[PDB]
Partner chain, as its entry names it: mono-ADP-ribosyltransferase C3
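Take a look at this single chain in structure tokens; it is the form solved without the partner chain.
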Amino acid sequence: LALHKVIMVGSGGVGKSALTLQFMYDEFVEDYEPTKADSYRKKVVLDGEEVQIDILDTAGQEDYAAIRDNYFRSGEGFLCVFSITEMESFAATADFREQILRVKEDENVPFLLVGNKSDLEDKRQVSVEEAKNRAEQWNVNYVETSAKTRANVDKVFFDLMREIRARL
């Protein structure tokens, strides 16, 4: 099977693990150890083709730059997550983008900008407009998700795999 290597990136508390666990296990998991990184593998039928998705749920603990870069080098696509309720997590996505680009050397690397916690509209700090503008500047798609309601969870994983399939 095609193996699509996906890496979750984003600053702390944005929903990397919650998104991953909703996708993997159809549960909203609210207390996942913030410092625990893990890998997940699932067989999925992508546009009618059985493939395997491998998800690296990063947790920020790899501070050694060479090792962090080695992990990103092995990734084929990235879900770059921020929380719509934390402006600083949106700002932080620039850093992950730069890190990925330094390693992958390809501005067209499969990459979605993911604004999570869309079920907390009353706590929004990041406008849809400014996130769409950033996605336009980077030539990536912007999708808002909720790990709590499952809104667009399958979409971001499947659309990232579609980019991996098309581009690689």
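Residue numbers count along the first chain shown, from 1. Shifts are known only where both forms have a C-alpha. Definition used throughout: the rigid core is the maximal C-alpha set that superposes within 1.5 Å between two forms.
Missing here is the form deposited with the partner chain bound; even so, the following discussion is about that form.
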Taking heavy atoms only, is residue 45 within 4.5 angstroms of the partner chain in the deposited bound form?
no
Residue 106: touches the partner chain in the deposited bound form, heavy atom cutoff 4.5 angstroms
no
Would you check, heavy atoms only and a 4.5 Å threshold, whether residue 129 touches the partner chain in the deposited bound form?
yes
Within a 4.5 Å heavy atom cut-off, is residue 50 in contact with the partner chain in the deposited bound form?
no
For the stretch 1-27, which residues lie within 4.5 Å of the partner chain in the deposited bound form by non-hydrogen atom distance?
none
Which of these moves by 2 angstroms or more at the C-alpha between the shown form and the other one, core superposed: 62, 38, 54, 119?
62
I need the moving stretches between the shown form and the other one: superpose on the rigid core, then report runs of 3+ consecutive residues where each CA shifts by 2 Å or more, in sequence order.
61-63
